[PDB]
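Read through the structure below, which is laid out as structure tokens, and then see the notes.
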Amino acid sequence: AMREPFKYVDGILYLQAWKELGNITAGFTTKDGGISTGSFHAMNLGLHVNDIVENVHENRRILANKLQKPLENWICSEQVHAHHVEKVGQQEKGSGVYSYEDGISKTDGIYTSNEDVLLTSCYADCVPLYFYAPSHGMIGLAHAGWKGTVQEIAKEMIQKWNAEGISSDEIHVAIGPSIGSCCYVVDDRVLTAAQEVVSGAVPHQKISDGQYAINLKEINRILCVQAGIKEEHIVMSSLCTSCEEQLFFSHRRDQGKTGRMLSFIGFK
Ligand SMILES: [Ca+2]
Ligand SMILES: [Zn+2]
Ligand SMILES: [Zn+2]
């Protein structure tokens, strides 16, 4: 069984599996630590989910202080459930920190070699992908719901890194908390799209006619291996956003009214 690569520390799940690879701050937030209430209780870091902005701004400031990464150096994207990956850095510092529309336009993955920035991505069920090539000082995040998964957003990131001279055998990938097969049931449209890009069987369990439980974390792991990532360079959480009702917001479990966690990565 793949060991859990994240450790809960004061409300934050830090990517402890990568502590010896390089001096980075990486992890995934939880519902704990903020001042939001109701459907957004407590650490809602999402600006586009109808929470009161003052609470989201404060929650962001709280995280910035916990991570020692000032808001002015954060980079956020306007996620659109597609496969666009953008290299970011100095000129994009501050993008989306206070207004979602100010985020990197229609982008689901971001990467950088800049040591002062904090890359961020928002989640409430979708798969958080993390990338690190320690030898090249390159870090990245990609948002993979079913659409980004089957549109091969992980491969988009890897291909861009290959063009920057980074071999796929030097890229470490982490897969964070997401909706698991215990709670995520999809139709033939999703399963077929996954079959089109996965060589071999897509792991799935039929629940009823045209209804299949699927593990999008494992689908992304398989696609990463098939894109040249070494199996031993992938770490994967088993945490389910829907099942963990005290740790995570879940778009599916909370019926579309919920907050957002952030995935984050930056140099210490
Ligand atoms: Ca296939
Ligand atoms: Zn999503
Ligand atoms: Zn579950």
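Residue numbering restarts at 1 for every chain of the structure tokens, chains are lettered A, B, ... in their displayed order, and ligands are numbered from 1 as they appear.
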Write out, as CSV, each residue of range 100-130 of chain A that has an atom at most 12 Å from range 152-175 of chain A, together with the closest pair of atoms and their distance in Å to one decimal, counting only C-alpha atoms, rows going by chain and rising number.
```
residue,atom,partner,partner_atom,distance
A:107,CA,A:153,CA,10.5
A:108,CA,A:153,CA,8.0
A:109,CA,A:157,CA,7.4
A:110,CA,A:157,CA,8.3
A:111,CA,A:157,CA,8.0
A:112,CA,A:161,CA,10.2
A:113,CA,A:164,CA,10.8
A:126,CA,A:175,CA,10.5
A:127,CA,A:175,CA,6.9
A:128,CA,A:175,CA,5.8
A:129,CA,A:175,CA,4.9
A:130,CA,A:174,CA,4.9
```
Test item: residues no farther than 6 Å from ligand 1, counting only C-alpha atoms and all ligand atoms, as a PyMOL selection string: chain A and resi 195-200
Please give me, as a tab-separated table (two decimals) with N, CA and C atoms, in the first residue's frame, the residues lying within 10 Å of ligand 2 when counting only C-alpha atoms and all ligand atoms.
```tsv
chain	number	residue	atom	x	y	z
A	79	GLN	N	-9.18	28.76	-12.50
A	79	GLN	CA	-9.32	27.36	-12.95
A	79	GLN	C	-10.58	27.20	-13.82
A	80	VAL	N	-10.47	26.44	-14.90
A	80	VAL	CA	-11.60	26.27	-15.85
A	80	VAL	C	-11.84	24.78	-16.17
A	81	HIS	N	-11.24	23.88	-15.39
A	81	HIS	CA	-11.42	22.42	-15.63
A	81	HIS	C	-10.93	22.05	-17.03
A	82	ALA	N	-9.86	22.67	-17.50
A	82	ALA	CA	-9.24	22.25	-18.78
A	82	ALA	C	-7.81	21.78	-18.50
A	108	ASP	N	-5.26	25.78	-15.40
A	108	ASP	CA	-5.47	24.77	-14.33
A	108	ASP	C	-4.16	24.25	-13.75
A	121	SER	N	-3.51	26.41	-5.60
A	121	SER	CA	-4.56	25.82	-6.46
A	121	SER	C	-5.73	25.52	-5.52
A	122	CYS	N	-6.98	25.63	-6.00
A	122	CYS	CA	-8.16	25.46	-5.11
A	122	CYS	C	-8.87	24.13	-5.33
A	123	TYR	N	-9.37	23.53	-4.25
A	123	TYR	CA	-10.00	22.20	-4.35
A	123	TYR	C	-11.15	21.94	-3.39
A	124	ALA	N	-12.10	21.14	-3.86
A	124	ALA	CA	-13.15	20.62	-2.97
A	124	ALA	C	-13.65	19.31	-3.62
A	125	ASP	N	-12.73	18.39	-3.98
A	125	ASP	CA	-13.02	17.02	-4.50
A	125	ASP	C	-12.04	16.66	-5.64
A	126	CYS	N	-11.64	17.65	-6.40
A	126	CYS	CA	-10.76	17.35	-7.55
A	126	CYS	C	-9.37	16.94	-7.08
A	127	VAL	N	-8.62	16.34	-7.99
A	127	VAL	CA	-7.30	15.80	-7.60
A	127	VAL	C	-6.23	16.89	-7.64
A	128	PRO	N	-5.55	17.15	-6.52
A	128	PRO	CA	-4.43	18.06	-6.50
A	128	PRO	C	-3.14	17.33	-6.92
A	143	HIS	N	-4.50	21.16	-11.29
A	143	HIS	CA	-5.87	20.83	-10.83
A	143	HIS	C	-6.48	19.80	-11.79
A	144	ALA	N	-6.73	18.59	-11.29
A	144	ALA	CA	-7.22	17.51	-12.16
A	144	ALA	C	-8.55	16.93	-11.69
A	145	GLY	N	-9.65	17.52	-12.13
A	145	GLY	CA	-10.92	16.84	-11.92
A	145	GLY	C	-11.02	15.83	-13.05
A	146	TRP	N	-12.20	15.30	-13.33
A	146	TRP	CA	-12.20	14.25	-14.37
A	146	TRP	C	-11.76	14.85	-15.71
A	147	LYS	N	-12.13	16.11	-15.93
A	147	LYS	CA	-11.84	16.71	-17.26
A	147	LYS	C	-10.34	16.91	-17.44
A	148	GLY	N	-9.69	17.53	-16.47
A	148	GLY	CA	-8.24	17.73	-16.56
A	148	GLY	C	-7.50	16.41	-16.56
A	178	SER	N	-8.66	13.96	-2.41
A	178	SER	CA	-9.66	14.15	-3.49
A	178	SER	C	-10.84	13.24	-3.20
A	251	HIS	N	-17.54	19.39	-2.78
A	251	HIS	CA	-18.61	19.89	-3.67
A	251	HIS	C	-19.74	18.85	-3.75
```
Distance filter 8 Å around ligand 3, atoms: only C-alpha atoms and all ligand atoms, out as a list in words: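 With only C-alpha atoms and all ligand atoms and a cut-off of 8 Å, ligand 3 is contacted by residues 179, 180, 181, 182, 183, 184, 239, 240, 241, 242, 243 and 244 of chain A.
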Atomic separation - CA of residue 266 in chain A relative to CA of residue 120 in chain A, Å: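 Those two atoms sit 9.0 Å apart.
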